[PDB]
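Below is structure.pdb, holding PDB, C-alpha atoms and all ligand atoms.
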MODEL        1
ATOM      1  CA  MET Z   1       0.000   0.000   0.000  1.00  0.00           C
ATOM      2  CA  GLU Z   2       1.224   3.442  -1.024  1.00  0.00           C
ATOM      3  CA  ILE Z   3       2.440   5.844   1.601  1.00  0.00           C
ATOM      4  CA  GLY Z   4      -0.084   8.283   3.101  1.00  0.00           C
ATOM      5  CA  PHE Z   5      -2.902   6.024   1.848  1.00  0.00           C
ATOM      6  CA  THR Z   6      -4.921   3.303   3.523  1.00  0.00           C
ATOM      7  CA  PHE Z   7      -7.838   0.939   2.978  1.00  0.00           C
ATOM      8  CA  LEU Z   8     -10.578   3.102   4.449  1.00  0.00           C
ATOM      9  CA  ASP Z   9     -12.208   0.251   6.334  1.00  0.00           C
ATOM     10  CA  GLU Z  10      -9.028  -0.223   8.372  1.00  0.00           C
ATOM     11  CA  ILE Z  11      -9.586   3.254   9.864  1.00  0.00           C
ATOM     12  CA  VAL Z  12     -13.359   3.615   9.571  1.00  0.00           C
ATOM     13  CA  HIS Z  13     -14.288   0.269  11.065  1.00  0.00           C
ATOM     14  CA  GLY Z  14     -18.059  -0.648  10.812  1.00  0.00           C
ATOM     15  CA  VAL Z  15     -18.244   1.109   7.458  1.00  0.00           C
ATOM     16  CA  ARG Z  16     -20.097  -0.536   4.628  1.00  0.00           C
ATOM     17  CA  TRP Z  17     -18.527  -0.634   1.176  1.00  0.00           C
ATOM     18  CA  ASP Z  18     -18.906  -1.861  -2.299  1.00  0.00           C
ATOM     19  CA  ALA Z  19     -16.040  -0.909  -4.561  1.00  0.00           C
ATOM     20  CA  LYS Z  20     -18.125  -0.520  -7.593  1.00  0.00           C
ATOM     21  CA  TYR Z  21     -15.170  -0.223  -9.928  1.00  0.00           C
ATOM     22  CA  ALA Z  22     -13.552  -3.449  -8.651  1.00  0.00           C
ATOM     23  CA  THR Z  23     -16.805  -5.086  -9.618  1.00  0.00           C
ATOM     24  CA  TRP Z  24     -18.840  -5.653 -12.817  1.00  0.00           C
ATOM     25  CA  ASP Z  25     -21.641  -3.493 -11.436  1.00  0.00           C
ATOM     26  CA  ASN Z  26     -20.536  -0.136 -12.758  1.00  0.00           C
ATOM     27  CA  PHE Z  27     -21.285   1.788 -15.948  1.00  0.00           C
ATOM     28  CA  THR Z  28     -18.427   0.188 -17.940  1.00  0.00           C
ATOM     29  CA  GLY Z  29     -19.896  -3.214 -17.089  1.00  0.00           C
ATOM     30  CA  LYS Z  30     -16.542  -4.759 -16.134  1.00  0.00           C
ATOM     31  CA  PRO Z  31     -13.954  -4.053 -13.362  1.00  0.00           C
ATOM     32  CA  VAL Z  32     -12.084  -0.827 -14.019  1.00  0.00           C
ATOM     33  CA  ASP Z  33      -8.355  -0.833 -14.710  1.00  0.00           C
ATOM     34  CA  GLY Z  34      -6.386  -0.103 -11.533  1.00  0.00           C
ATOM     35  CA  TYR Z  35      -8.966  -1.628  -9.202  1.00  0.00           C
ATOM     36  CA  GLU Z  36      -7.567  -4.999  -8.320  1.00  0.00           C
ATOM     37  CA  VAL Z  37      -9.135  -5.196  -4.919  1.00  0.00           C
ATOM     38  CA  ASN Z  38     -12.779  -4.819  -3.764  1.00  0.00           C
ATOM     39  CA  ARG Z  39     -11.782  -2.206  -1.223  1.00  0.00           C
ATOM     40  CA  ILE Z  40     -12.022   1.543  -0.824  1.00  0.00           C
ATOM     41  CA  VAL Z  41      -8.617   3.110  -0.691  1.00  0.00           C
ATOM     42  CA  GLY Z  42      -8.026   6.635   0.531  1.00  0.00           C
ATOM     43  CA  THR Z  43      -5.779   9.198   1.966  1.00  0.00           C
ATOM     44  CA  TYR Z  44      -5.366   8.949   5.822  1.00  0.00           C
ATOM     45  CA  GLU Z  45      -6.928  12.390   6.119  1.00  0.00           C
ATOM     46  CA  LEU Z  46      -9.915  11.170   4.076  1.00  0.00           C
ATOM     47  CA  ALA Z  47     -10.151   8.217   6.426  1.00  0.00           C
ATOM     48  CA  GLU Z  48      -9.891  10.494   9.464  1.00  0.00           C
ATOM     49  CA  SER Z  49     -12.658  12.806   8.272  1.00  0.00           C
ATOM     50  CA  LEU Z  50     -14.781   9.850   7.072  1.00  0.00           C
ATOM     51  CA  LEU Z  51     -14.524   8.536  10.594  1.00  0.00           C
ATOM     52  CA  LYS Z  52     -15.885  11.862  11.884  1.00  0.00           C
ATOM     53  CA  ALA Z  53     -18.623  11.599   9.257  1.00  0.00           C
ATOM     54  CA  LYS Z  54     -19.393   8.044  10.313  1.00  0.00           C
ATOM     55  CA  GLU Z  55     -19.644   9.166  13.902  1.00  0.00           C
ATOM     56  CA  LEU Z  56     -21.674  12.305  13.057  1.00  0.00           C
ATOM     57  CA  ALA Z  57     -24.257   9.867  11.484  1.00  0.00           C
ATOM     58  CA  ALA Z  58     -25.631  10.145  14.898  1.00  0.00           C
ATOM     59  CA  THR Z  59     -27.535  12.879  12.975  1.00  0.00           C
ATOM     60  CA  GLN Z  60     -29.991  10.139  12.929  1.00  0.00           C
ATOM     61  CA  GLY Z  61     -29.041   6.472  12.885  1.00  0.00           C
ATOM     62  CA  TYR Z  62     -27.346   6.700   9.528  1.00  0.00           C
ATOM     63  CA  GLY Z  63     -24.419   4.390   8.511  1.00  0.00           C
ATOM     64  CA  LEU Z  64     -22.147   5.089   5.546  1.00  0.00           C
ATOM     65  CA  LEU Z  65     -21.853   2.964   2.439  1.00  0.00           C
ATOM     66  CA  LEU Z  66     -18.706   3.756   0.487  1.00  0.00           C
ATOM     67  CA  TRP Z  67     -18.542   3.222  -3.247  1.00  0.00           C
ATOM     68  CA  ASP Z  68     -15.284   4.797  -4.358  1.00  0.00           C
ATOM     69  CA  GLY Z  69     -12.393   6.686  -2.765  1.00  0.00           C
ATOM     70  CA  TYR Z  70      -8.937   6.804  -4.372  1.00  0.00           C
ATOM     71  CA  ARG Z  71      -9.140   6.191  -8.065  1.00  0.00           C
ATOM     72  CA  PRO Z  72      -5.975   5.456 -10.136  1.00  0.00           C
ATOM     73  CA  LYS Z  73      -5.330   7.738 -13.159  1.00  0.00           C
ATOM     74  CA  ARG Z  74      -5.471   4.578 -15.261  1.00  0.00           C
ATOM     75  CA  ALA Z  75      -9.029   4.067 -13.899  1.00  0.00           C
ATOM     76  CA  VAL Z  76      -9.854   7.542 -15.135  1.00  0.00           C
ATOM     77  CA  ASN Z  77      -8.277   6.694 -18.546  1.00  0.00           C
ATOM     78  CA  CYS Z  78     -10.286   3.472 -18.622  1.00  0.00           C
ATOM     79  CA  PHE Z  79     -13.498   5.489 -18.174  1.00  0.00           C
ATOM     80  CA  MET Z  80     -12.427   7.877 -20.924  1.00  0.00           C
ATOM     81  CA  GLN Z  81     -11.622   4.944 -23.226  1.00  0.00           C
ATOM     82  CA  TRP Z  82     -15.022   3.438 -22.434  1.00  0.00           C
ATOM     83  CA  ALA Z  83     -16.796   6.734 -23.202  1.00  0.00           C
ATOM     84  CA  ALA Z  84     -15.053   6.649 -26.588  1.00  0.00           C
ATOM     85  CA  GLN Z  85     -16.389   3.134 -27.417  1.00  0.00           C
ATOM     86  CA  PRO Z  86     -19.533   2.285 -29.419  1.00  0.00           C
ATOM     87  CA  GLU Z  87     -22.806   2.066 -27.656  1.00  0.00           C
ATOM     88  CA  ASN Z  88     -23.701  -1.504 -26.869  1.00  0.00           C
ATOM     89  CA  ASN Z  89     -26.611  -0.377 -24.699  1.00  0.00           C
ATOM     90  CA  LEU Z  90     -25.458  -2.671 -21.934  1.00  0.00           C
ATOM     91  CA  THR Z  91     -25.484  -0.127 -19.094  1.00  0.00           C
ATOM     92  CA  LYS Z  92     -27.231   2.822 -20.787  1.00  0.00           C
ATOM     93  CA  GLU Z  93     -30.678   2.399 -19.169  1.00  0.00           C
ATOM     94  CA  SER Z  94     -29.405   2.207 -15.624  1.00  0.00           C
ATOM     95  CA  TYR Z  95     -26.560   4.661 -15.756  1.00  0.00           C
ATOM     96  CA  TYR Z  96     -27.216   7.208 -18.522  1.00  0.00           C
ATOM     97  CA  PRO Z  97     -30.579   7.273 -20.210  1.00  0.00           C
ATOM     98  CA  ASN Z  98     -31.254  10.835 -21.513  1.00  0.00           C
ATOM     99  CA  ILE Z  99     -27.518  11.521 -22.288  1.00  0.00           C
ATOM    100  CA  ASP Z 100     -24.873   9.457 -24.209  1.00  0.00           C
ATOM    101  CA  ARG Z 101     -21.205   8.436 -23.346  1.00  0.00           C
ATOM    102  CA  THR Z 102     -19.836  11.535 -24.941  1.00  0.00           C
ATOM    103  CA  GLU Z 103     -22.149  13.859 -23.010  1.00  0.00           C
ATOM    104  CA  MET Z 104     -21.129  12.099 -19.782  1.00  0.00           C
ATOM    105  CA  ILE Z 105     -17.846  13.927 -20.155  1.00  0.00           C
ATOM    106  CA  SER Z 106     -19.193  17.232 -21.643  1.00  0.00           C
ATOM    107  CA  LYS Z 107     -21.460  17.650 -18.667  1.00  0.00           C
ATOM    108  CA  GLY Z 108     -18.991  17.163 -15.812  1.00  0.00           C
ATOM    109  CA  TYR Z 109     -20.155  13.645 -14.954  1.00  0.00           C
ATOM    110  CA  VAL Z 110     -16.954  11.872 -15.937  1.00  0.00           C
ATOM    111  CA  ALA Z 111     -13.778  13.767 -15.240  1.00  0.00           C
ATOM    112  CA  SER Z 112     -10.693  13.805 -17.597  1.00  0.00           C
ATOM    113  CA  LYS Z 113      -8.807  14.395 -14.543  1.00  0.00           C
ATOM    114  CA  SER Z 114     -10.492  13.324 -11.276  1.00  0.00           C
ATOM    115  CA  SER Z 115     -10.293  14.605  -7.738  1.00  0.00           C
ATOM    116  CA  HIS Z 116     -10.400  10.961  -6.787  1.00  0.00           C
ATOM    117  CA  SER Z 117      -6.914  10.357  -8.057  1.00  0.00           C
ATOM    118  CA  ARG Z 118      -5.719  12.792  -5.369  1.00  0.00           C
ATOM    119  CA  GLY Z 119      -6.957  10.341  -2.718  1.00  0.00           C
ATOM    120  CA  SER Z 120      -9.304  12.598  -0.762  1.00  0.00           C
ATOM    121  CA  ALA Z 121     -12.568  12.287  -2.630  1.00  0.00           C
ATOM    122  CA  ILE Z 122     -15.250   9.782  -1.665  1.00  0.00           C
ATOM    123  CA  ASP Z 123     -18.489   8.416  -3.044  1.00  0.00           C
ATOM    124  CA  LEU Z 124     -21.040   7.296  -0.521  1.00  0.00           C
ATOM    125  CA  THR Z 125     -24.632   7.049   0.749  1.00  0.00           C
ATOM    126  CA  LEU Z 126     -26.275   6.578   3.995  1.00  0.00           C
ATOM    127  CA  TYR Z 127     -28.218   3.550   5.196  1.00  0.00           C
ATOM    128  CA  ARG Z 128     -30.590   3.486   8.161  1.00  0.00           C
ATOM    129  CA  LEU Z 129     -28.831   2.102  11.253  1.00  0.00           C
ATOM    130  CA  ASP Z 130     -32.069   0.828  12.813  1.00  0.00           C
ATOM    131  CA  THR Z 131     -33.663  -0.649   9.811  1.00  0.00           C
ATOM    132  CA  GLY Z 132     -30.380  -1.536   7.997  1.00  0.00           C
ATOM    133  CA  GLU Z 133     -31.916  -0.420   4.691  1.00  0.00           C
ATOM    134  CA  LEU Z 134     -30.538   2.012   2.128  1.00  0.00           C
ATOM    135  CA  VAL Z 135     -31.639   5.615   2.547  1.00  0.00           C
ATOM    136  CA  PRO Z 136     -33.480   6.494  -0.697  1.00  0.00           C
ATOM    137  CA  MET Z 137     -31.759   9.190  -2.685  1.00  0.00           C
ATOM    138  CA  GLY Z 138     -33.797   9.214  -5.963  1.00  0.00           C
ATOM    139  CA  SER Z 139     -31.000   8.132  -8.234  1.00  0.00           C
ATOM    140  CA  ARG Z 140     -28.349   5.442  -8.228  1.00  0.00           C
ATOM    141  CA  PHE Z 141     -24.578   5.839  -7.807  1.00  0.00           C
ATOM    142  CA  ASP Z 142     -23.191   6.986 -11.117  1.00  0.00           C
ATOM    143  CA  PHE Z 143     -26.631   7.755 -12.487  1.00  0.00           C
ATOM    144  CA  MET Z 144     -25.220  10.542 -14.845  1.00  0.00           C
ATOM    145  CA  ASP Z 145     -28.300  12.547 -15.159  1.00  0.00           C
ATOM    146  CA  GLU Z 146     -29.741  15.835 -13.924  1.00  0.00           C
ATOM    147  CA  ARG Z 147     -31.576  13.665 -11.451  1.00  0.00           C
ATOM    148  CA  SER Z 148     -28.285  13.067  -9.644  1.00  0.00           C
ATOM    149  CA  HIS Z 149     -27.715  16.787  -9.036  1.00  0.00           C
ATOM    150  CA  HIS Z 150     -28.095  17.877  -5.414  1.00  0.00           C
ATOM    151  CA  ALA Z 151     -30.499  20.591  -6.425  1.00  0.00           C
ATOM    152  CA  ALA Z 152     -32.530  18.313  -8.689  1.00  0.00           C
ATOM    153  CA  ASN Z 153     -36.268  18.279  -8.988  1.00  0.00           C
ATOM    154  CA  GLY Z 154     -38.208  15.106  -9.986  1.00  0.00           C
ATOM    155  CA  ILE Z 155     -36.858  13.639  -6.776  1.00  0.00           C
ATOM    156  CA  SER Z 156     -39.397  13.386  -3.910  1.00  0.00           C
ATOM    157  CA  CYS Z 157     -39.235  15.523  -0.752  1.00  0.00           C
ATOM    158  CA  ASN Z 158     -37.792  12.638   1.231  1.00  0.00           C
ATOM    159  CA  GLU Z 159     -35.177  11.812  -1.376  1.00  0.00           C
ATOM    160  CA  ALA Z 160     -34.179  15.510  -1.650  1.00  0.00           C
ATOM    161  CA  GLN Z 161     -34.066  15.785   2.114  1.00  0.00           C
ATOM    162  CA  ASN Z 162     -32.030  12.617   2.320  1.00  0.00           C
ATOM    163  CA  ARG Z 163     -29.439  14.025  -0.040  1.00  0.00           C
ATOM    164  CA  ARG Z 164     -29.367  17.141   2.067  1.00  0.00           C
ATOM    165  CA  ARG Z 165     -28.692  15.057   5.175  1.00  0.00           C
ATOM    166  CA  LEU Z 166     -25.818  13.197   3.515  1.00  0.00           C
ATOM    167  CA  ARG Z 167     -24.434  16.550   2.372  1.00  0.00           C
ATOM    168  CA  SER Z 168     -24.752  18.139   5.802  1.00  0.00           C
ATOM    169  CA  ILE Z 169     -23.042  15.170   7.497  1.00  0.00           C
ATOM    170  CA  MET Z 170     -20.230  15.498   5.012  1.00  0.00           C
ATOM    171  CA  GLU Z 171     -19.962  19.306   5.136  1.00  0.00           C
ATOM    172  CA  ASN Z 172     -19.902  19.188   8.929  1.00  0.00           C
ATOM    173  CA  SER Z 173     -17.118  16.618   8.757  1.00  0.00           C
ATOM    174  CA  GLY Z 174     -14.610  18.513   6.610  1.00  0.00           C
ATOM    175  CA  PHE Z 175     -15.948  17.831   3.150  1.00  0.00           C
ATOM    176  CA  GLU Z 176     -17.086  19.838   0.227  1.00  0.00           C
ATOM    177  CA  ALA Z 177     -20.043  18.599  -1.842  1.00  0.00           C
ATOM    178  CA  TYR Z 178     -20.403  18.744  -5.571  1.00  0.00           C
ATOM    179  CA  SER Z 179     -23.604  19.955  -7.139  1.00  0.00           C
ATOM    180  CA  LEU Z 180     -23.842  17.574  -9.995  1.00  0.00           C
ATOM    181  CA  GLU Z 181     -23.511  14.378  -8.008  1.00  0.00           C
ATOM    182  CA  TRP Z 182     -25.190  13.892  -4.642  1.00  0.00           C
ATOM    183  CA  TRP Z 183     -22.713  11.140  -3.776  1.00  0.00           C
ATOM    184  CA  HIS Z 184     -19.452  13.004  -4.404  1.00  0.00           C
ATOM    185  CA  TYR Z 185     -17.528  14.682  -1.609  1.00  0.00           C
ATOM    186  CA  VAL Z 186     -13.971  15.992  -1.441  1.00  0.00           C
ATOM    187  CA  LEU Z 187     -12.045  16.691   1.672  1.00  0.00           C
ATOM    188  CA  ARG Z 188     -11.918  20.483   2.046  1.00  0.00           C
ATOM    189  CA  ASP Z 189      -8.222  20.765   2.971  1.00  0.00           C
ATOM    190  CA  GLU Z 190      -6.821  17.714   1.355  1.00  0.00           C
ATOM    191  CA  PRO Z 191      -3.174  16.667   1.695  1.00  0.00           C
ATOM    192  CA  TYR Z 192      -2.485  16.347  -2.032  1.00  0.00           C
ATOM    193  CA  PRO Z 193      -4.307  18.782  -4.330  1.00  0.00           C
ATOM    194  CA  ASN Z 194      -2.325  18.965  -7.649  1.00  0.00           C
ATOM    195  CA  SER Z 195      -1.165  15.310  -7.082  1.00  0.00           C
ATOM    196  CA  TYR Z 196      -2.997  12.745  -9.245  1.00  0.00           C
ATOM    197  CA  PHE Z 197      -1.774   9.286  -8.307  1.00  0.00           C
ATOM    198  CA  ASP Z 198      -1.622   6.068 -10.294  1.00  0.00           C
ATOM    199  CA  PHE Z 199      -0.763   3.223  -7.975  1.00  0.00           C
ATOM    200  CA  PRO Z 200      -3.378   0.428  -8.162  1.00  0.00           C
ATOM    201  CA  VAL Z 201      -6.145  -0.183  -5.686  1.00  0.00           C
ATOM    202  CA  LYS Z 202      -4.443  -3.294  -4.478  1.00  0.00           C
TER
HETATM  203 ZN    ZN U 301     -16.934  10.995  -6.730  1.00  0.00          ZN
ENDMDL
END

Reformat the file's structure so that it appears as structure tokens.
Ligand SMILES: [Zn+2]
Amino acid sequence: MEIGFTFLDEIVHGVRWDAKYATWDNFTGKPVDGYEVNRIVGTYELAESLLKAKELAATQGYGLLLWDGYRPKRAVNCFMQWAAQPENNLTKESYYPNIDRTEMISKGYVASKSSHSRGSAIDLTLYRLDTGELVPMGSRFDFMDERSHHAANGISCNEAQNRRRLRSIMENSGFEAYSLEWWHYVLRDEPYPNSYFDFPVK
């Protein structure tokens, strides 16, 4: 494991995760290059502040489900290569109806360069601690639609409020949200801005 980085579960202990890109259940339909392990890797400072976020989901009995933390530059290239491929319609319905692969970059949904490669960005939801069920957010992880925006309409009052609660837990825990994706959060004062790493999630 690279220096300054860690598997986030080794710091944030009861945390739920599903490394979507080490899995076939992502918009490319296969595991993404650079993700060799079904784990969420991150900067220690990301882990530290995620731990505060995990604890602050005391703001109700909310638990965190992590989907993606540190993302290798080669993972970002793999997404770009995928966006340049012909449409096989394999993941279009679930991940990007209403736009196409091309537009998924034009519209700020897939980054040429990603904050994730700096090791301090995280993708996550909340689940109910009591009930153990996923907190409904109106759109799926990597949904790639205006529906996924924090400010989006066509999302119920609960779903919009739920996104607001995730956002508030994150903002109160040293993170900055991102308008276009309710799941994306970057550590506010991150150890390595301007550094985009490429060691594998391994
Ligand atoms: Zn993200």

*Please check which protein, DNA or RNA residues sit within 12 Å of ligand ZN 301 (chain U), counting only C-alpha atoms and all ligand atoms, and write them as an MDAnalysis selection string.*
chainID Z and resid 20:21 66:71 76 108:111 113:125 141:144 148 176:187

Convert the current residue selection to file output with C-alpha atoms, as a compact mmCIF listing (two decimals), keeping the file's coordinate frame.
# COMPACT_ATOMS: atom_id res chain seq x y z
CA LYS Z 20 -18.12 -0.52 -7.59
CA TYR Z 21 -15.17 -0.22 -9.93
CA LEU Z 66 -18.71 3.76 0.49
CA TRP Z 67 -18.54 3.22 -3.25
CA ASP Z 68 -15.28 4.80 -4.36
CA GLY Z 69 -12.39 6.69 -2.76
CA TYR Z 70 -8.94 6.80 -4.37
CA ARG Z 71 -9.14 6.19 -8.06
CA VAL Z 76 -9.85 7.54 -15.14
CA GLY Z 108 -18.99 17.16 -15.81
CA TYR Z 109 -20.16 13.64 -14.95
CA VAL Z 110 -16.95 11.87 -15.94
CA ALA Z 111 -13.78 13.77 -15.24
CA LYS Z 113 -8.81 14.40 -14.54
CA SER Z 114 -10.49 13.32 -11.28
CA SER Z 115 -10.29 14.60 -7.74
CA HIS Z 116 -10.40 10.96 -6.79
CA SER Z 117 -6.91 10.36 -8.06
CA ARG Z 118 -5.72 12.79 -5.37
CA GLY Z 119 -6.96 10.34 -2.72
CA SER Z 120 -9.30 12.60 -0.76
CA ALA Z 121 -12.57 12.29 -2.63
CA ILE Z 122 -15.25 9.78 -1.66
CA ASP Z 123 -18.49 8.42 -3.04
CA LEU Z 124 -21.04 7.30 -0.52
CA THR Z 125 -24.63 7.05 0.75
CA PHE Z 141 -24.58 5.84 -7.81
CA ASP Z 142 -23.19 6.99 -11.12
CA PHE Z 143 -26.63 7.76 -12.49
CA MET Z 144 -25.22 10.54 -14.84
CA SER Z 148 -28.28 13.07 -9.64
CA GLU Z 176 -17.09 19.84 0.23
CA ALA Z 177 -20.04 18.60 -1.84
CA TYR Z 178 -20.40 18.74 -5.57
CA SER Z 179 -23.60 19.95 -7.14
CA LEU Z 180 -23.84 17.57 -9.99
CA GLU Z 181 -23.51 14.38 -8.01
CA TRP Z 182 -25.19 13.89 -4.64
CA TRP Z 183 -22.71 11.14 -3.78
CA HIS Z 184 -19.45 13.00 -4.40
CA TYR Z 185 -17.53 14.68 -1.61
CA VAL Z 186 -13.97 15.99 -1.44
CA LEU Z 187 -12.04 16.69 1.67

*Contacts of residue 92 of chain Z at 12 Å or less, counting only C-alpha atoms, minus same-chain residues fewer than 5 places along, as a PyMOL selection string?*
chain Z and resi 26-29+83+86-87+97-101+104+142-145

Could those selected residues go to a file with C-alpha atoms, as a short mmCIF file (atom, residue, chain, number, x, y, z; two decimals), in the frame of the given file?
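Final output, again-v4.cif:
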data_model
loop_
_atom_site.label_atom_id
_atom_site.label_comp_id
_atom_site.auth_asym_id
_atom_site.auth_seq_id
_atom_site.Cartn_x
_atom_site.Cartn_y
_atom_site.Cartn_z
CA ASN Z 26 -20.54 -0.14 -12.76
CA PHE Z 27 -21.28 1.79 -15.95
CA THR Z 28 -18.43 0.19 -17.94
CA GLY Z 29 -19.90 -3.21 -17.09
CA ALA Z 83 -16.80 6.73 -23.20
CA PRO Z 86 -19.53 2.28 -29.42
CA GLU Z 87 -22.81 2.07 -27.66
CA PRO Z 97 -30.58 7.27 -20.21
CA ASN Z 98 -31.25 10.84 -21.51
CA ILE Z 99 -27.52 11.52 -22.29
CA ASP Z 100 -24.87 9.46 -24.21
CA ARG Z 101 -21.20 8.44 -23.35
CA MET Z 104 -21.13 12.10 -19.78
CA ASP Z 142 -23.19 6.99 -11.12
CA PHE Z 143 -26.63 7.76 -12.49
CA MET Z 144 -25.22 10.54 -14.84
CA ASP Z 145 -28.30 12.55 -15.16
#

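All protein and nucleic acid residues in the vicinity of (-1.7, 7.4, -15.2), that is within 9 Å when counting only C-alpha atoms, are residues 72, 73, 74, 75, 76, 77, 196, 197, 198 and 199 of chain Z.
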
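The gap separating atom CA of residue 17 of chain Z from atom CA of residue 35 of chain Z is 14.1 Å, in Å to one decimal.
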
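Checking Z:16, Z:4, Z:30, Z:40 one by one against residue 202 of chain Z, counting all atoms listed in the file, you find the shortest gap at Z:40.
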
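The shell of residues at most 9 Å from residue 172 of chain Z, with all atoms listed in the file counted and near chain neighbours (fewer than 4 positions) removed, consists of residues 52, 53, 56, 167 and 168 of chain Z.
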
How big is the axis-aligned box around all listed atoms of segment 154-162 of chain Z once 5 Å goes on each side, and where's its centre, in Å to one decimal, as lines of an AutoDock Vina configuration file?
center_x = -35.7
center_y = 13.8
center_z = -3.8
size_x = 17.4
size_y = 14.0
size_z = 22.3

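Compared by their closest atoms to residue 175 of chain Z, and using only C-alpha atoms, the residues Z:65, Z:80, Z:15, Z:46 rank with Z:46 nearest.
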
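The closest residue to residue 33 of chain Z, picked from Z:170, Z:201, Z:90, Z:47 and counting only C-alpha atoms, is Z:201.
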
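When atom CA of residue 38 of chain Z is paired with atom CA of residue 22 of chain Z, their separation reads 5.1 Å.
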
*Check which residues satisfy the PyMOL selection byres (((chain Z and resi 129) around 10) and not hetatm) in the file shown, then give them as an NGL selection string.*
:Z and (57-58 or 60-64 or 126-128 or 130-135)

*How many Å lie between atom CA of residue 155 of chain Z and atom CA of residue 79 of chain Z, rounded to one decimal?*
27.2 Å

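Taking only C-alpha atoms into account, residue 163 of chain Z lies nearest to Z:137 out of the set Z:147, Z:3, Z:91, Z:137.
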
_Could you tell me, as an NGL selection string, exactly which residues end up selected when the PyMOL selection byres (((chain Z and resi 159) around 9) and not hetatm) is applied to this structure?_
:Z and (135-139 or 155-158 or 160-164)

*asked:* Restricting the calculation to all atoms listed in the file: of Z:140, Z:8, Z:165, Z:189, which residue gets closest to residue 50 of chain Z?
replied: Z:8

With N, CA, C and O atoms as the target, complete segment 68-81 of chain Z and hand it back as a PDB file, in the coordinates of the input.
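Full text of result05.pdb as output:
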ATOM      1  N   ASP Z  68     -16.545   4.531  -3.714  1.00  0.00           N
ATOM      2  CA  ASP Z  68     -15.284   4.797  -4.358  1.00  0.00           C
ATOM      3  C   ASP Z  68     -14.572   5.914  -3.641  1.00  0.00           C
ATOM      4  O   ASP Z  68     -15.181   6.912  -3.309  1.00  0.00           O
ATOM      5  N   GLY Z  69     -13.274   5.725  -3.423  1.00  0.00           N
ATOM      6  CA  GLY Z  69     -12.393   6.686  -2.765  1.00  0.00           C
ATOM      7  C   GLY Z  69     -11.296   7.031  -3.750  1.00  0.00           C
ATOM      8  O   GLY Z  69     -11.560   7.541  -4.834  1.00  0.00           O
ATOM      9  N   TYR Z  70     -10.058   6.655  -3.436  1.00  0.00           N
ATOM     10  CA  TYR Z  70      -8.937   6.804  -4.372  1.00  0.00           C
ATOM     11  C   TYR Z  70      -9.154   5.987  -5.652  1.00  0.00           C
ATOM     12  O   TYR Z  70      -9.494   4.799  -5.629  1.00  0.00           O
ATOM     13  N   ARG Z  71      -8.942   6.714  -6.745  1.00  0.00           N
ATOM     14  CA  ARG Z  71      -9.140   6.191  -8.065  1.00  0.00           C
ATOM     15  C   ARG Z  71      -7.879   6.413  -8.890  1.00  0.00           C
ATOM     16  O   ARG Z  71      -7.524   7.537  -9.160  1.00  0.00           O
ATOM     17  N   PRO Z  72      -7.216   5.328  -9.351  1.00  0.00           N
ATOM     18  CA  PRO Z  72      -5.975   5.456 -10.136  1.00  0.00           C
ATOM     19  C   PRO Z  72      -6.188   6.280 -11.402  1.00  0.00           C
ATOM     20  O   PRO Z  72      -7.282   6.305 -11.956  1.00  0.00           O
ATOM     21  N   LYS Z  73      -5.209   7.040 -11.880  1.00  0.00           N
ATOM     22  CA  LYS Z  73      -5.330   7.738 -13.159  1.00  0.00           C
ATOM     23  C   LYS Z  73      -5.676   6.791 -14.276  1.00  0.00           C
ATOM     24  O   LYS Z  73      -6.432   7.171 -15.174  1.00  0.00           O
ATOM     25  N   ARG Z  74      -5.167   5.563 -14.239  1.00  0.00           N
ATOM     26  CA  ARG Z  74      -5.471   4.578 -15.261  1.00  0.00           C
ATOM     27  C   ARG Z  74      -6.952   4.209 -15.191  1.00  0.00           C
ATOM     28  O   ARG Z  74      -7.533   3.894 -16.232  1.00  0.00           O
ATOM     29  N   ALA Z  75      -7.583   4.296 -14.023  1.00  0.00           N
ATOM     30  CA  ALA Z  75      -9.029   4.067 -13.899  1.00  0.00           C
ATOM     31  C   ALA Z  75      -9.816   5.155 -14.621  1.00  0.00           C
ATOM     32  O   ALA Z  75     -10.795   4.898 -15.317  1.00  0.00           O
ATOM     33  N   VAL Z  76      -9.311   6.375 -14.456  1.00  0.00           N
ATOM     34  CA  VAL Z  76      -9.854   7.542 -15.135  1.00  0.00           C
ATOM     35  C   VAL Z  76      -9.628   7.408 -16.647  1.00  0.00           C
ATOM     36  O   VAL Z  76     -10.526   7.702 -17.425  1.00  0.00           O
ATOM     37  N   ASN Z  77      -8.490   6.910 -17.118  1.00  0.00           N
ATOM     38  CA  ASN Z  77      -8.277   6.694 -18.546  1.00  0.00           C
ATOM     39  C   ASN Z  77      -9.199   5.613 -19.068  1.00  0.00           C
ATOM     40  O   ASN Z  77      -9.729   5.734 -20.174  1.00  0.00           O
ATOM     41  N   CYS Z  78      -9.411   4.579 -18.258  1.00  0.00           N
ATOM     42  CA  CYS Z  78     -10.286   3.472 -18.622  1.00  0.00           C
ATOM     43  C   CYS Z  78     -11.705   3.980 -18.843  1.00  0.00           C
ATOM     44  O   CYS Z  78     -12.340   3.582 -19.803  1.00  0.00           O
ATOM     45  N   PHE Z  79     -12.191   4.883 -17.993  1.00  0.00           N
ATOM     46  CA  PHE Z  79     -13.498   5.489 -18.174  1.00  0.00           C
ATOM     47  C   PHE Z  79     -13.548   6.296 -19.454  1.00  0.00           C
ATOM     48  O   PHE Z  79     -14.540   6.229 -20.168  1.00  0.00           O
ATOM     49  N   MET Z  80     -12.494   7.063 -19.728  1.00  0.00           N
ATOM     50  CA  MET Z  80     -12.427   7.877 -20.924  1.00  0.00           C
ATOM     51  C   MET Z  80     -12.418   7.010 -22.166  1.00  0.00           C
ATOM     52  O   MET Z  80     -13.108   7.333 -23.142  1.00  0.00           O
ATOM     53  N   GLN Z  81     -11.661   5.915 -22.122  1.00  0.00           N
ATOM     54  CA  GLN Z  81     -11.622   4.944 -23.226  1.00  0.00           C
ATOM     55  C   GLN Z  81     -12.995   4.343 -23.423  1.00  0.00           C
ATOM     56  O   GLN Z  81     -13.442   4.264 -24.560  1.00  0.00           O
TER      57      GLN Z  81
END
